[PDB]
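Note sheet for the following structure.
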Amino acid sequence: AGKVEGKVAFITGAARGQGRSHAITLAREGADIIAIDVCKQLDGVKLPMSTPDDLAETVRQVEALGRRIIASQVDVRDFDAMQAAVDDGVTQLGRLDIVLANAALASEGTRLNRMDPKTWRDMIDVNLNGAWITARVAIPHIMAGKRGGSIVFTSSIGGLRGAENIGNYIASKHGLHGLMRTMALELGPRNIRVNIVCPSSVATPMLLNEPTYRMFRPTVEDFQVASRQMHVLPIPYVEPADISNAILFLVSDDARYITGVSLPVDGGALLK
Amino acid sequence: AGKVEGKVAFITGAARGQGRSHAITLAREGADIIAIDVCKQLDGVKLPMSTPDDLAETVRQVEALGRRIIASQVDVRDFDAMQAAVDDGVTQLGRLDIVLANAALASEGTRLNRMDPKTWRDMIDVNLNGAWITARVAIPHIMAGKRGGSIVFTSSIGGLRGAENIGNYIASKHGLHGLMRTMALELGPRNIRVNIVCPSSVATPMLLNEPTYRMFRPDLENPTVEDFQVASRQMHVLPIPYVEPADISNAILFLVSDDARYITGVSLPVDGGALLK
Amino acid sequence: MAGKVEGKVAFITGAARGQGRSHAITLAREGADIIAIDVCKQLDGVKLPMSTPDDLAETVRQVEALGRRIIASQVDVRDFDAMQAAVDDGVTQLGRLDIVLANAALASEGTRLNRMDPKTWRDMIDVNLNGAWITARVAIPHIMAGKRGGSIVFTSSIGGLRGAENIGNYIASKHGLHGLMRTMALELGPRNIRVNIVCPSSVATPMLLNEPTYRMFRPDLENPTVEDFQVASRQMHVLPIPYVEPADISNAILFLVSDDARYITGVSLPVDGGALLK
Amino acid sequence: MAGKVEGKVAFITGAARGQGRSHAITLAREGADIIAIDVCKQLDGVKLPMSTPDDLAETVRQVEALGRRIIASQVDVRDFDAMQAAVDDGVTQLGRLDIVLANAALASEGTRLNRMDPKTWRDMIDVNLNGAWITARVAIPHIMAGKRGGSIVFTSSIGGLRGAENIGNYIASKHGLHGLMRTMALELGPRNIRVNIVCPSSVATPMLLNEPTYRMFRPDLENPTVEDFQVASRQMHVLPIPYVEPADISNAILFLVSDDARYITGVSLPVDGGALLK
Ligand SMILES: NC(=O)c1ccc[n+]([C@@H]2O[C@H](COP(=O)([O-])OP(=O)(O)OC[C@H]3O[C@@H](n4cnc5c(N)ncnc54)[C@H](O)[C@@H]3O)[C@@H](O)[C@H]2O)c1
Ligand SMILES: NC(=O)c1ccc[n+]([C@@H]2O[C@H](COP(=O)([O-])OP(=O)(O)OC[C@H]3O[C@@H](n4cnc5c(N)ncnc54)[C@H](O)[C@@H]3O)[C@@H](O)[C@H]2O)c1
Ligand SMILES: NC(=O)c1ccc[n+]([C@@H]2O[C@H](COP(=O)([O-])OP(=O)(O)OC[C@H]3O[C@@H](n4cnc5c(N)ncnc54)[C@H](O)[C@@H]3O)[C@@H](O)[C@H]2O)c1
Ligand SMILES: NC(=O)c1ccc[n+]([C@@H]2O[C@H](COP(=O)([O-])OP(=O)(O)OC[C@H]3O[C@@H](n4cnc5c(N)ncnc54)[C@H](O)[C@@H]3O)[C@@H](O)[C@H]2O)c1
């Protein structure tokens, strides 16, 4: 009997990286999956974004574990598309227990006094408004099940402290802590727990790119020596599995009374 | 000589309430003022918003103190119009030292699992994106003055904790804390300090209205301001139902004065202890 | 099949009953041997019944029923020399030390800070904060000597993160733990020793479930019962529960000391039914 | 004008020099009379020279030059009876008590928490945390008796909000203040007594400007100068400064105890040049 046996989880940004890792982790532990990813290169985004074939690979991996998955290409900003995806997913699978609001854009990096309004607005829209949309379309289905459930937003240590050059990302992530606290207060009586995980740096294509290395100074090793200095434990970053394992704890029975919390998985970065 | 003698402050939502109080407090203490307010009833807001006459009253009170004020009707969401208003104010007045990001919408009250996406997004746009716009159009003029400056965002005890029914307002206010910390880090080396004040409840039209009394007293049919004050006093630790606009202006005056020259990146509650419980 | 702390040794203070017992049995179920201490006597001026030697003997029985070794002794966490002796003799017997759970504490007598005697203040700080430091201090040399890293968890409280009337000595001591935890996490992190805090709200143990506590929670009633207490306590939480179980705290600790939490350090993890949200 | 604290009386610990002296003169300039104490002795295990009786007389000279009254004496904040006698005697002589600034403290010598001996840990907690409680405890009855409310300000540190290696006893002690402050704010708020904390980063006093502190800031350097320290200290601030002046802390405190801050309580106000941001 897996830790989430028979449950259904809705996961955004499931085509690669942490989102994929959560999908396979929860599936391995007995959950069926409603997965979305935008699967397209958004205007103004520099590095390669997930493709449909990436999402199809998440699908093949979940199915290999013996679980069902309903996947679609949806932008978290498109309220009607998000509503249709979760609605169709619950129709297929019969329930909804867990929501992992994980989809996000990383900052291109501009001082806030230099940034133009579209660059600020789009980041807030994906990372904050899209996170609210994700929970908003899913909650009615969790409530209909009458068994409680779990919502986890992925924030960042930049949800708890500032950083130069990425202020739009930083503000979007701070906003998630407000969303998390209200929703935890509103849904507590329904036994739906709402928490945040705050990674420092995670080995995914969001981090492991030439533009990021430059922002830390350059090879990956050049980057790793500077990344290590940000951590207290002797690591450059954590693995997607570390975030998935924290999330697995939070959605399990063992964490039944934990709500309203922001859990850093950051090798001690917040300490300094 | 006053605490902000010879300086210039840009203040949003200056038509009434805390914005007007800030204008007159800083004007009393020697500053000239660039004042904006939307002065229009925005689609989806039920309570009466400030009028053009309201902004003209702020002007009259500032001019009565012998200070100069350049006022205009500008939505904080409107990047080009905000750019123009601050550019023109700096042209007329000569410099910019202080930015008070004060304009905001109150939440009408709707559970996050029932809220419409426009209701959610408009609130973020005014309260968070508009606050960013406010700072962004002003910073270049503060930078060019080469004397440093101060930027103060008005958050809320709702920027530091959640509350039922007003989660779009909560999220928007929490977002300011990250905008403030980033901007404090980026501008600190040029002696521009960036801080937040977090009021609990403030005696302005945003608080003192029947829909608010109902939200505080959902147990009663037609709650009065007195019924509201009972509930409100219970939220505070000091024996008060709310603070005055002047209490916020006084905290702001301290933060922008030489007495707070090395204070940056802080969130200062003015909340009668409400955050303690 | 290996449990989550298979082959490890945990030093647990306040192990005679309540949360400390629960941690001892949870970690033993998951493959750890235990060094367990508790003062096992009614301390001067403490008005709630403290653990007895029989209580500690019961923790021992339950740990040994799980097929694990336990070295248990009656030690006051304030007594540096005896704490040092206990841990040293325990490591001599078991061969290593991996995990430290600084759990022992006294609950507050409930006096306003402006009426409190200096002895009442000092003793609370000495047990809950200084004794917590002593606990880590005597253990860390053994963890380092093992060259495998390790885990230290202090038990704080939601009262380590916010204040409460009437219990301010306890509140101060618990706040102090967050500073202890942070420095220690910084100092020991390069050696792969993770250091964290758990912050329970209210936990179903004799520290909570006593008439003086029910009276403190219901100043509106003349003689409150446990049920009157549960009513108010449920209103203080966001999930509608009056308290968590010792097992909920043990399960959070088990996560934190396990490989699944290998890169978590410097955190305070509330296990609080959302109490901190309001 | 009347000053911002006209006619009020402030009890200030650690008044012989540095910040405590700056508070006393600043409040005096703004109309307050002063009850000042300082231990005025070299305490055992403290390496750098501490305040002397002559330092305290110099604070007295400055307050009296501003035309105010000051009752000054040599008291250790850890000494409950002596602390009670000082404040009782000061109130007898000056007529009332409105403001308490718990400012006295020891700076950590610098030892890893896994190597520190128990006296080194305990003495630091006893001065910085217990002594701060004693300070508020002996003063509160006089403030309450005035029925006019008042203000209590504890001086913490950015080390009350985050950890640092080598100074763990200091860090724990300052974190404990935030607990003391919160409970006291909750207990005294219905009486209109506000209770707050100020958190300086580094302040230009003998506690900061000394060769052992220089060495702590530049452990990379053989015999670091004050300039070498200022380079590293500036790196840790966000504003282009190496420290704040005692007057910066006094000015924040003046704000907090003035009518302009009448509704601010329970808050921790960093005066830190943005050090906490990174
Ligand atoms: N990678 C890091 O170091 C790091 C650190 C802290 C927090 N985070 C956060 O972790 C979460 C996961 O990111 P990751 O590391 O897996 O990065 P990633 O880029 O590998 O994965 C993010 C996924 O989200 C998808 N996505 C982006 N915008 C979307 C939209 N509008 N609609 C739908 N899908 C969209 C992308 O296509 C991508 O597949 C994000 O919240 C991110 O901010 C990442
Ligand atoms: N009143 C309270 O109890 C309370 C509590 C916590 C925080 N706050 C915050 O205090 C600040 C001041 O509010 P107040 O109490 O003076 O309320 P108010 O309604 O009296 O003043 C706000 C002003 O902002 C203006 N405004 C609103 N939207 C605008 C836009 N898009 N562009 C330009 N101007 C706009 C309004 O016309 C109004 O004049 C706000 O940030 C509010 O969120 C208020
Ligand atoms: N019960 C609650 O509601 C609650 C809530 C928040 C935090 N806590 C904390 O949880 C932890 C465990 O408490 P509990 O709920 O198991 O209470 P408990 O009283 O049942 O257990 C505490 C144990 O600590 C022991 N102890 C006390 N002083 C000691 C000393 N000087 N030396 C050695 N042993 C000593 C007692 O004998 C007792 O066995 C403590 O840190 C407590 O402060 C408890
Ligand atoms: N100086 C800094 O850089 C710095 C930084 C952060 C916080 N702080 C805090 O600021 C406060 C003031 O320190 P300062 O910088 O003025 O240092 P200082 O050493 O110049 O002043 C401290 C004064 O307190 C007195 N004192 C010490 N122990 C005492 C005791 N047991 N009883 C009575 N008096 C005693 C000393 O004799 C001295 O006169 C302290 O709380 C300190 O911990 C200082």
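FYI, it's all coordinate maths here, none of it is from the lab. Methodologically, a virtual Cβ is constructed for each residue, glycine included, from the backbone with ideal geometry; neighbour enumeration extends over all protein chains shown.
Averaging the Cα positions of each part gives two centres, and for region B:216-277 and region D:152-205 these lie 22 Å apart. Remark: mean inter-chain Cβ contacts per residue of A:189-196 equal 3, using a 10 Å Cβ-Cβ cutoff to other protein chain atoms.
Legend: ranking of residues D:171, C:99 from fewest to most surrounding C-beta atoms inside 10 Å; resulting order C:99, D:171.
Shape analysis of region B:95-248 based on the Cα gyration tensor places the equivalent ellipsoid semi-axes at 32, 18, 12 Å, largest first. The spread of Cα positions in chain A, taken along each principal axis and listed from longest to shortest, comes to 50, 37, 37 Å. Only the Cβ atoms of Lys and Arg (+1) and of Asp and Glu (-1) were treated as charged; on that basis the dipole of region D:124-222 about its Cα centre amounts to roughly 640 debye. Compared with the dominant principal axis of the Cα atoms in chain B, helix B:167-187 is inclined by about 20°.
Taking other C-beta atoms within 10 angstrom as a stand-in for reagent exposure, B:58, B:12 fall in the order B:58, B:12, fewest first. Projecting the Cα positions of C:60, C:249, C:139 onto the charge dipole of chain C (unit charges on Cβ atoms of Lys, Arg, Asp and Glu, taken about the Cα centre) puts C:139 furthest along the positive direction. Each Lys and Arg Cβ is given +1 and each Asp and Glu Cβ -1; about its Cα centre, region C:54-162 then shows a dipole of about 520 debye. The angle separating the long axis of helix D:53-65 from the principal Cα axis of greatest extent in chain D is about 50 degrees.
In order along region C:107-119, phi translates into HN-Hα couplings of 8, 6, 6, x, 9, 4, 4, 7, 10, 5, 6, x, 4 Hz, rounded to whole numbers, per the Karplus curve 6.51 cos²θ - 1.76 cosθ + 1.60 with θ = phi - 60° and x for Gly and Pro. Placing pseudo-labels 7 Å out from each Cα toward the beta carbon at residue B:147 and residue A:78 gives an inter-label distance of 5.3 nm. For the residue pairs C:8/C:174; C:174/D:174; A:173/B:173, alpha carbon separations beyond 18 Å are given by C:8/C:174.
For residue A:201, the residues whose amide H sits under 5 Å from its own are A:238, ignoring neighbours fewer than 5 places away on the same chain, with H placed 1.01 Å from N. Measuring r between the beta carbons of residue D:120 and residue D:69 and using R0 = 45 Å, the FRET efficiency lands at 0.70.
How large is the dipole of chain A about the Cα centre if only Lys and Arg carry +1 and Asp and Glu carry -1, each at its Cβ, rounded to the nearest 20 debye?
640
Restricting the trypsin sites (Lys or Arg not before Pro) of region D:1-97 to loop positions (DSSP other than H, G, I, E, B) with no more than 11 neighbouring Cβ atoms within 10 Å leaves D:47.
Taking beta carbons within 10 Å but only from partner chains, what does the mean come to for residues B:234-244? Please list the in-between numbers first.
Working: counts 0, 0, 4, 12, 14, 5, 4, 0, 1, 3, 2.
Per residue, the number of nearby Cβ atoms from other chains is 4 on average.
With kT/(6 pi eta Rh) evaluated at 20 °C and eta = 1.002 mPa s, and Rh the Kirkwood radius from Cα pairs, chain D diffuses with a coefficient of 114 µm²/s according to Stokes-Einstein.
In angstrom, the C-alpha Rg and Dmax of the protein assembly as shown are 28.7, 86. Working from label points 7 Å from Cα in the Cα-to-Cβ sense, the residue D:228 to residue C:42 distance is 6.1 nm. Net charge of the neighbourhood of residue B:89, taken over other residues with C-beta under 11 Å away and scored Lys/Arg +1, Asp/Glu -1, is -1. With respect to chain C, whose longest principal axis is taken over its alpha-carbon atoms, helix C:168-188 is tilted by about 20°.
Pop the C-beta distance of residue C:1 and residue A:40 into the FRET formula with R0 = 45 Å and round what comes out to the nearest 0.05. Before the final figure, lay out each step's value.
Working: r = 45 Å, r/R0 = 0.99.
Computed FRET efficiency for residue C:1 and residue A:40 comes out at 0.50.
Report, in deg cm²/dmol and to the nearest 500, the calculated mean residue ellipticity at 222 nm for chain D, where each DSSP H run with n ≥ 4 adds -39500 (n - 2.57) and the sum is divided by the residue count. Show your work: numbers first, answer last.
On the way: 9 runs with 115 residues, N = 278.
My calculation for chain D gives -13000 deg cm²/dmol from helical runs alone.
Counting only other chain Cβ atoms within 10 Å of each residue's Cβ, the peptide D:248-258 averages 3. Projecting the Cα atoms of C:26, C:240, C:189 onto the charge dipole of chain C (Cβ charges, centred on the Cα centre) puts C:189 farthest toward the positive pole. Computed over chain B, the per-residue total of -39500 (n - 2.57) for DSSP H runs of n ≥ 4 gives a 222 nm mean residue ellipticity of -13000 deg cm²/dmol, rounded to 500.
Each residue, residue C:111 and residue A:222, gets one label point 7 Å from its Cα in the Cβ direction; the gap between the two is 6.5 nm.
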